[PDB]
Amino acid sequence: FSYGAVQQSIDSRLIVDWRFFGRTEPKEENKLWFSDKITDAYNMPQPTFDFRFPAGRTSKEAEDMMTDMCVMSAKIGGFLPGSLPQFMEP
Amino acid sequence: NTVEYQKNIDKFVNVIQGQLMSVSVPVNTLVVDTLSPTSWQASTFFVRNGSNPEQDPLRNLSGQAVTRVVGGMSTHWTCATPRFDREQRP
Amino acid sequence: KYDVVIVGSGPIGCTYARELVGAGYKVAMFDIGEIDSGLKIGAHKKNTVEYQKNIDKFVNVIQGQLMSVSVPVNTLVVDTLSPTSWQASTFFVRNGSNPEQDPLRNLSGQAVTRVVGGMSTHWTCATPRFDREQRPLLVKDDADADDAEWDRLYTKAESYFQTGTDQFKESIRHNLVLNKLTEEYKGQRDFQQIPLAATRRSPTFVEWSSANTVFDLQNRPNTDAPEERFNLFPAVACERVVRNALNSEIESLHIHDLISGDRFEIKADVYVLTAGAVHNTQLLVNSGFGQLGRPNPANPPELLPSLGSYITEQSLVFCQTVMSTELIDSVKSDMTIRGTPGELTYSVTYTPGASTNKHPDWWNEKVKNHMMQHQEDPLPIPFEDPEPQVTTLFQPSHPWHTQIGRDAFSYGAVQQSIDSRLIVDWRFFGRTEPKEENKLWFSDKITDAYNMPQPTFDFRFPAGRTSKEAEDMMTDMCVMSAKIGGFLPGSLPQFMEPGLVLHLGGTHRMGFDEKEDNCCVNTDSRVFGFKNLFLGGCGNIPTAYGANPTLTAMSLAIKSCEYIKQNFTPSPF
Amino acid sequence: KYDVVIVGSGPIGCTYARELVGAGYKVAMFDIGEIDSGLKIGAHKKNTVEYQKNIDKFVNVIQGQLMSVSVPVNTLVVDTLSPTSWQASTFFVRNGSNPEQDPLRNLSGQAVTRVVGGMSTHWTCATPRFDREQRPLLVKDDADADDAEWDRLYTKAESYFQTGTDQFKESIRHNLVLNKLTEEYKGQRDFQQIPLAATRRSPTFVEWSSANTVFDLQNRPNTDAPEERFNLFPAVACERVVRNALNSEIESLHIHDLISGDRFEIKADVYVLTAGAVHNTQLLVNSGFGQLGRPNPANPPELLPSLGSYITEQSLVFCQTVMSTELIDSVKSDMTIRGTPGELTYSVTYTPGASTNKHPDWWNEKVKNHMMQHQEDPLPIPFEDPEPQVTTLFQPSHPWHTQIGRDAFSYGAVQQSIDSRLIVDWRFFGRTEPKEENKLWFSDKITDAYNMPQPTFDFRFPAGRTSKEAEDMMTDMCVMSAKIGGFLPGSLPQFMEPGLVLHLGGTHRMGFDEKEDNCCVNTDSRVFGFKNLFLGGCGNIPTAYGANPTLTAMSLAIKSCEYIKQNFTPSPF
Ligand SMILES: *Cc1cc2c(cc1C)Nc1c([nH]c(=O)[nH]c1=O)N2C[C@H](O)[C@H](O)[C@H](O)COP(=O)(O)OP(=O)(O)OC[C@H]1O[C@@H](n2cnc3c(N)ncnc32)[C@H](O)[C@@H]1O
Ligand SMILES: *Cc1cc2c(cc1C)Nc1c([nH]c(=O)[nH]c1=O)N2C[C@H](O)[C@H](O)[C@H](O)COP(=O)(O)OP(=O)(O)OC[C@H]1O[C@@H](n2cnc3c(N)ncnc32)[C@H](O)[C@@H]1O
Ligand SMILES: *Cc1cc2c(cc1C)Nc1c([nH]c(=O)[nH]c1=O)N2C[C@H](O)[C@H](O)[C@H](O)COP(=O)(O)OP(=O)(O)OC[C@H]1O[C@@H](n2cnc3c(N)ncnc32)[C@H](O)[C@@H]1O
Ligand SMILES: OC[C@H]1O[C@H](O)[C@H](F)[C@@H](O)[C@@H]1O
Ligand SMILES: OC[C@H]1O[C@H](O)[C@H](F)[C@@H](O)[C@@H]1O
């Protein structure tokens, strides 16, 4: 599951991917709900999210996780241009 | 699991992308101001292209997607199956 | 106390200075920007040896002094911030954006330049005349007298700018393109060099004209001009002209000295506003002309109800092409080649004067020398060959201006993989019908960087002829460019962002009668009702035009100066 | 005939002018570029009111005067040309590219600036001292005497540049970042303002220093300096110094006047080359020092065999962050808020002097006023609050320089969707071991735009410490930046193109003994063997350094001038 154009200029044998996954506190306010008006392609109530990563531990850990990936990946090699350290779309 | 995909693994991302249908796409507000004067041109950012007017673009899981095929998302998944430790587990 | 005060040191303000300082008036000029071009004040920034050796870097100077007029509130979604980062709940008013602006009815590319010399320190120097179809009338009911008057004025403007049509005549690429287009449209269209405000100094250096050419902006008296009186005051923002209670005369100009921070009033006999099509309108609105704030028809303006309405901006289409194989081969049609490049025996020859040759001897000599001296190079065009500067001017059957060549104002990353000698730019400029509904107005709440009412556009290209022509113009550029070569990937045919062209007109438009012609100044560029207030620049131009407007604006300024000299007496020295 | 001739009008050349014109020498200075900064000759281009109101446009001025040193032949494949377009069969030498250059062993970002004032007309003004670890010795075997000598020199250099550490002390954002980093590294690292060659004139205007600050470049004698003798000659390319047959003395400087085209010889008692780290080396090689052409060890140079070897350039890493929610909320920690924004009842208050307040009253007043006056704005930081200017200087345990704030030299499209007040830039600069194999050399075939031998690099970051530190530096920037906020998408942590940093050293390096220390100039910056030839600039610096080098180079120039004044007598006036 590559996230951008696959590069061809650096030998694939040298390339190592890094994915770090955080945990998220369950919060009442974070919701999946369904429209009473708008429908999806199968004529069913349209899904709608109301979501943010919780403040507090979830957010603190997510940024510490980012740092940890920078620190650990550096032991193997430097970043590949075009695949620099980033949060992925929610 | 085809011989062809395991000889051309960099092409498998296309199978994944081809069966991830976005759950909730907010109304688009990108400005295109280089249309030809003769082309039909919007006065507002109206509800277009199957977008969901209920969705707040700033409180979304924009990357959430669903797969409608026999086997579900297990026809494309990475196959990683760790146990949860106590801390993560109900 | 001055005889005349001029707001703005661009080429139109310098027209007024040239004429009035020369006529013995005591003149002051203010500019909100600063001296920026070297010791030649207000000169073209491209006239350095370094820029003419590195012309692809000049786009940076242009971009560095185009400050966007009206930027709508941004609504781009960034959803990959870290959870710890401060995150917006709304698309609030950020980064100096203008909340009044509808992003869909903008001239997003419109920009202004605040430097001594104005936009003439970076402009392309193209100075065509308008034909009758594009030009406001200066004489009613007498087409020959109107023609003779505009000829007189344009001739004088051409002298001030040092306009010529021959500076590129020794370019191979220029004449290659020119001749092919002449042959292809034989007896349907005429091609010539773009008329250019410039003087060639050497085969590799062109002294491009500017405001400095028109008037050198040195204070006077000085040794070269001992009986003249001129003072330039840079870093001075001019904010308002004060009207008498009769609205018959301006009594002072209120200024903000940007270096001390202090505000002052300046008295003169005559006031001239040459701050540009946007900033003249801003100053006037700030002075109680027109209407401040979002247009509201239920509240008719007291003065100049047409100010800021009927605005015009040109449609612009662009592409670049890579020269055809056939055209390249034709460059070397007169050569005989023996042997193989790089060997002792290699020989490229031609017979000078030979009646079968397609090209003149000077061309043939250049090509021969290039091929013998650079036997590793695969093209016949010399490395220092100047660019094309080609036009077919606006005509009823092709009602757009055209510039075909190499322009320093590149619109994207400059490519390096295709040889620059093969590349030809195409820019076609449409005319736009003046319509009341198309407006430049100024916020009564939001202010700009100089604490003045924030400019806001309400603009669309008119339906009907304007829109039909703009799309026909696009097609015409595709059809014509194909005669020279195919499109360069990365520069495919496209409309440019509205206003990028910077040919805005009609913001303080000219005509014979304020009411009947929906206008702000008369044909002496005098503001209706006011004895001593004159406006100069493209804002005056009331017509739909496709050609570049500056020469026309200067011609009107010349005529306005004739009026001034005939009606106001200079102080004794 | 002059007493002293200086090649280059950058800040190091102006150091020589300042010292020697002041000491009563008859001085000429040549610059290949032209006067470009307004009436203050050689001044900082960012000192206009317009640029300080539109700082995001200044990157264009920088880019417009960085001309790439060595561009390898391009091999990008364009396969979507029209069949009719002329099409290459090979990747031939196009567009001024350098066929000598290995694209994989380049400093592709290295660039040069040819304007009066040199790169000081655009620079950031950061002027840190080097600590012992980064600094060449000026006194052997006596660390205290070495420290005292560098202190003396740096103190004088700081006065010439008007270096200070307090210009940003009234910025909220500055102190927010500064204080958080101090707290987070409590007793492991020290933070302070970046020392900056600048003087604040108002809360919204900073007069940034430049070559003009060091010496105003006005010709002399003049009314302010009636007994001084100085002439500046712009648009003059200096091409060679002529050696006597003994290689003990320079006899003339050969120049090319770019405006007439003519060549001349200039005689002086003393010759100083301050053309920059690249162009000093070019001129010297063109003059028979070092070795012309691709290095060939089998042909040992006659003179200065170390010239062009041991070159150093810094690794540079960069990112931007978006301020944390926690830091933003902390700005308004002392406020009590009642009511809701936008209503008649809304009230933001603090108690001045209250001992429980976290911030001084001036901060609290600013925040109170912003929140009450802009109740639609969601942030507590005032709109005109200046940027951070934060550093933790190089130390053995973190051997890189750091600049944390807002830099006018943006590296990509400037984003508009995140509020600029939230954005903080991070630049970490590594030191590079000097290695014989790392070279700047000059082609014996290919020439540049001024008809001089074409510069070519052969460079890689050394294996071992340099490379280990550069990657540790990257990590350190990730770790430290995270304390302030997460990364800005579009500006994620990255190494910058080699040489973009423009901190090139060691090209004509300094030391005590030509042979033992593999060097070109001694500690008076005198070229070994030559009584009257001196070199100034970062090319002198022989050490591995991470901090910005200009202050150090100026300090060496000061010392060189002491030598000159002690050994050459000025002509009588
Ligand atoms: C797409 C993706 C998913 C996973 C990974 C990688 C990629 C790119 N990797 C991965 C996963 N999980 C792991 O534990 N480890 C890995 O390495 N991914 C997620 C995993 O793929 C899912 O968690 C898993 O399949 C969930 O299984 P499930 O609960 O059985 O759900 P599925 O979505 O797979 O299948 C549901 C199914 O029902 C259908 N459908 C949906 N609506 C209806 C209605 N209304 N009527 C009838 N049928 C319905 C779908 O069509 C679908 O087939
Ligand atoms: C930027 C641009 C412009 C032109 C071309 C190319 C580029 C990239 N090429 C071109 C042009 N026009 C042509 O006819 N042919 C060409 O090939 N371009 C437009 C041309 O450059 C303008 O039409 C022309 O300068 C207009 O002259 P002007 O009416 O004198 O106006 P300027 O904007 O040049 O100067 C006005 C001036 O006043 C100042 N200022 C603004 N506000 C104030 C206030 N409030 N107080 C005091 N001073 C004020 C500005 O700073 C400026 O210098
Ligand atoms: C461009 C850049 C540079 C610096 C920073 C930022 C940017 C984007 N920031 C910075 C710098 N250094 C610091 O210590 N701190 C900062 O925050 N930058 C580098 C600094 O700008 C340079 O180190 C400095 O000017 C070097 O001074 P110099 O040794 O005087 O050299 P210059 O290149 O400035 O001027 C040399 C000069 O000579 C001319 N020239 C070149 N060749 C010739 C020949 N053949 N004949 C005659 N004249 C010649 C140039 O035109 C130039 O003006
Ligand atoms: O960007 C559009 C521009 O293109 C050409 O350079 C024209 F000469 C000019 O008048 C115009 O402003
Ligand atoms: O682009 C790298 C630059 O970044 C900072 O602005 C530094 F001050 C400067 O010395 C350097 O040249």
Side-chain angles (χ1 to χ4, degrees), chain B residues 26-49 51 53 57, chain C residues 66-77 88 90-112 277-279 281-282 285 290-299 307-316 432-449 452-464 466-467 470 495-507, chain D residues 376-377 416-417:
Chain B
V27 171
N28 183 290
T29 58
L30 299 175
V31 173
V32 177
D33 64 359
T34 55
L35 301 174
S36 173
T38 55
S39 281
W40 189 94
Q41 172 177 161
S43 292
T44 67
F45 297 107
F46 62 102
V47 181
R48 274 162 286 151
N49 298 329
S51 62
Chain C
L66 287 179
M67 275 56 167
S68 291
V69 176
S70 188
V71 179
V73 171
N74 183 290
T75 58
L76 299 175
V77 173
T90 67
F91 297 107
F92 62 102
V93 181
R94 274 162 286 151
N95 298 329
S97 62
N98 180 7
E100 307 270 21
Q101 180 68 57
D102 183 336
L104 302 188
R105 303 188 70 82
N106 203 1
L107 295 170
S108 74
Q110 262 286 317
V112 296
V278 170
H279 290 302
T281 319
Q282 188 188 54
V285 168
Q291 180 170 72
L292 184 71
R294 186 175 290 278
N296 177 188
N299 272 198
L307 184 57
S309 283
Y310 305 91
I311 79 168
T312 64
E313 179 56 291
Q314 298 173 350
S315 293
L316 166 61
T432 287
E433 315 163 74
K435 295 293 194 161
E436 199 173 7
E437 60 266 30
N438 280 332
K439 301 180 179 296
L440 169 56
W441 56 264
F442 298 83
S443 184
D444 62 21
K445 208 182 196 322
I446 302 313
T447 56
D448 67 12
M452 289 284 278
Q454 168 61 45
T456 309
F457 291 111
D458 191 334
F459 186 88
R460 285 289 183 88
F461 291 102
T466 300
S467 290
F495 281 82
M496 302 305 295
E497 278 76 358
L500 195 52
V501 63
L502 300 170
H503 284 178
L504 180 67
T507 54
Chain D
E376 73 293 347
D377 188 57
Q416 295 305 328
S417 56

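Throughout, protein chains are lettered first and strands after them, A, B, ... in sequence-line order, and every chain is numbered starting at 1. Scope of the values below: all heavy atoms of this structure, side chains included, with no hydrogens, waters or symmetry mates.
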Look at the side chain of [X] and the backbone N and O of [Y], then say whether any donor-acceptor pair between them is shorter than 3.5 Å.
| X | Y | value |
| --- | --- | --- |
| C:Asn95 | C:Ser97 | no |
| C:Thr281 | C:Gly308 | no |
| C:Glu313 | C:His503 | yes |
| C:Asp444 | C:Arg294 | no |

In Å and rounded to the nearest 0.5 Å, what is the [atom1] to [atom2] distance from [X] to [Y]?
| X | Y | atom1 | atom2 | result |
| --- | --- | --- | --- | --- |
| C:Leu76 | B:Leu30 | CG | CG | 6.5 Å |
| C:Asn106 | C:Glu497 | CG | CD | 11.5 Å |
| C:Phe457 | C:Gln101 | CZ | CD | 7.5 Å |
| C:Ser70 | C:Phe459 | OG | CZ | 14.0 Å |
| C:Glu437 | C:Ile311 | CD | CD1 | 11.0 Å |
| C:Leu307 | C:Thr507 | CG | OG1 | 7.5 Å |

Problem set entry | Test log, rule side-chain contact (heavy atoms from CB on, under 4.5 Å), inputs C:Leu502 and C:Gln110 | CA-CA 6 Å; C:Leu502 300 170; C:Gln110 262 286 317; 3.9 Å; yes
Exercise. Of the options C:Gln282, C:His279, C:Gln454, which is the one that meets C:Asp448 in a side chain to side chain donor-acceptor pair (under 3.5 Å)?
Worked result: C:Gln282
Exercise. Are C:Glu436 and C:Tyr310 close enough, and set up right, to give a side-chain contact (heavy atoms from CB on, under 4.5 Å), and what steps lead you there?
Worked result: CA-CA 5 Å; C:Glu436 199 173 7; C:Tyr310 305 91; 3.5 Å; yes
Exercise. Can a salt bridge be assigned to the pair C:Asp458 and C:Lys439 using a cut-off of 4.0 Å between side-chain N and carboxylate O?
Worked result: no
If you compare all heavy atoms of [X] against all heavy atoms of [Y], which two are closest, and at what distance to 0.1 Å?
| X | Y | answer |
| --- | --- | --- |
| B:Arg48 | B:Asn28 | NH2-O, 2.8 Å |
| B:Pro53 | B:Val47 | CB-CG2, 3.8 Å |
| C:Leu104 | B:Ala42 | CD1-O, 3.8 Å |
| C:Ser443 | C:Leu292 | O-CD1, 3.8 Å |
| C:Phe495 | C:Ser315 | CE2-CB, 4.5 Å |
| C:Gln291 | C:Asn299 | NE2-O, 2.8 Å |

